[PDB]
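Data block below; observations after.
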Amino acid sequence: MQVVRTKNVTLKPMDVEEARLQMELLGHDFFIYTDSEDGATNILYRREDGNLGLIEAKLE
Amino acid sequence: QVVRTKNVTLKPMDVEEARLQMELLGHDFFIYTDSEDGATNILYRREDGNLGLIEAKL
């Protein structure tokens, strides 16, 4: 079978500039946090483009 | 420089259902709510090609 190793992380509030900083200090391609102003769950991620992409996960 | 957000609506499901979704959308990752603990999850393809998961929670 296929085993997916889980990496547990605790969601925290911060600026998207902060998320970028922290993501890079780990070289991760994915950084999930809760937007400091908006309050919603955000996922900063590096596109195949190389550029950054920001996803907002609607708790809807 | 300037980036526009993308909106996604999370749904509860297990890693298997999420894995199938990711394949269908032909995407490299998938975000959903873990139906076991209600956490926000990110199933994704690692560099080595393997599958990894990130579980976020307050």
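For the structure tokens, the naming scheme is as follows: chains receive sequential letters (A, B, ...) according to their order of presentation, residues are indexed from 1 within each chain, and ligands are indexed from 1 in presentation order.
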
May I have the residues within 12 Å of residue 17 (chain B) as a VMD selection string, using only C-alpha atoms and disregarding those fewer than 3 positions away in the same chain? chain B and resid 11 to 14 20 to 24 30 to 35 43

Write the residues you've just listed into a file as a compact mmCIF listing (two decimals), in the first residue's frame, and include N, CA and C atoms for each of them.
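To be explicit, this is the file written out as selection_0.txt:
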```txt
# COMPACT_ATOMS: atom_id res chain seq x y z
N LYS B 11 -13.85 20.34 1.74
CA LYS B 11 -14.87 19.34 1.97
C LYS B 11 -14.25 18.22 2.78
N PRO B 12 -15.05 17.58 3.64
CA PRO B 12 -14.46 16.49 4.42
C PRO B 12 -14.35 15.23 3.56
N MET B 13 -13.25 14.49 3.77
CA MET B 13 -12.95 13.24 3.07
C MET B 13 -11.65 12.63 3.62
N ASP B 14 -11.42 11.35 3.34
CA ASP B 14 -10.23 10.64 3.80
C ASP B 14 -9.16 10.82 2.74
N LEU B 20 -7.76 10.60 -5.05
CA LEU B 20 -8.47 10.43 -6.31
C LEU B 20 -8.82 11.80 -6.91
N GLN B 21 -9.26 12.73 -6.07
CA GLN B 21 -9.59 14.07 -6.56
C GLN B 21 -8.38 14.71 -7.21
N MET B 22 -7.26 14.71 -6.50
CA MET B 22 -6.02 15.28 -7.02
C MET B 22 -5.67 14.72 -8.42
N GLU B 23 -5.86 13.42 -8.60
CA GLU B 23 -5.58 12.76 -9.87
C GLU B 23 -6.52 13.25 -10.97
N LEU B 24 -7.80 13.34 -10.65
CA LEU B 24 -8.80 13.80 -11.60
C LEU B 24 -8.51 15.22 -12.05
N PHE B 30 -3.80 18.91 -3.25
CA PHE B 30 -5.24 18.98 -3.01
C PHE B 30 -5.48 19.36 -1.55
N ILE B 31 -6.39 20.30 -1.35
CA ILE B 31 -6.72 20.80 -0.02
C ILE B 31 -8.10 20.35 0.35
N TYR B 32 -8.26 19.84 1.56
CA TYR B 32 -9.55 19.38 2.02
C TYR B 32 -9.56 19.33 3.54
N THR B 33 -10.71 18.95 4.09
CA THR B 33 -10.89 18.81 5.53
C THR B 33 -10.81 17.32 5.84
N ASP B 34 -9.96 16.95 6.80
CA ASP B 34 -9.78 15.54 7.16
C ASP B 34 -11.01 15.09 7.92
N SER B 35 -11.75 14.15 7.34
CA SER B 35 -12.96 13.64 7.97
C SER B 35 -12.74 12.84 9.27
N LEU B 43 -2.75 17.38 0.65
CA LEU B 43 -2.11 16.19 0.10
C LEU B 43 -1.28 16.74 -1.05
```

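If we count only C-alpha atoms, these residues of chain B sit within 6 Å of chain A: residues 5, 6, 7, 8, 9, 51, 52, 53, 54, 55, 56, 57 and 58 of chain B.
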
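Omitting residue 28 (chain B) and its sequence neighbours fewer than 2 positions away, and counting only C-alpha atoms, the residues within 7 Å are residues 22, 26, 44 and 45 of chain B.
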
Can you list, as a PyMOL selection string, all residues belonging to chain A that DSSP tags as helix (DSSP H, G or I)? chain A and resi 16-24

Could you tell me, as number ranges by chain, which residues of region 21-58 of chain B DSSP assigns to strand (DSSP E or B) when given the backbone? B: 29-34, 40-45, 51-57

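Take CA of residue 10 (chain B) and CA of residue 20 (chain A): the distance between them is 22.7 Å.
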
Tell me which protein, DNA and RNA residues are within 9 Å of residue 14 (chain A), counting only C-alpha atoms, leaving out same-chain ones fewer than 4 positions away, and put them as a list in words. residues 18, 19, 33, 34, 35, 36 and 37 of chain A

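Taking CA of residue 23 (chain A) as the reference point, CA of residue 46 (chain A) is found at 9.7 Å.
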
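Picture a line from CA of residue 19 (chain B) to CA of residue 40 (chain B); it runs 14.8 Å.
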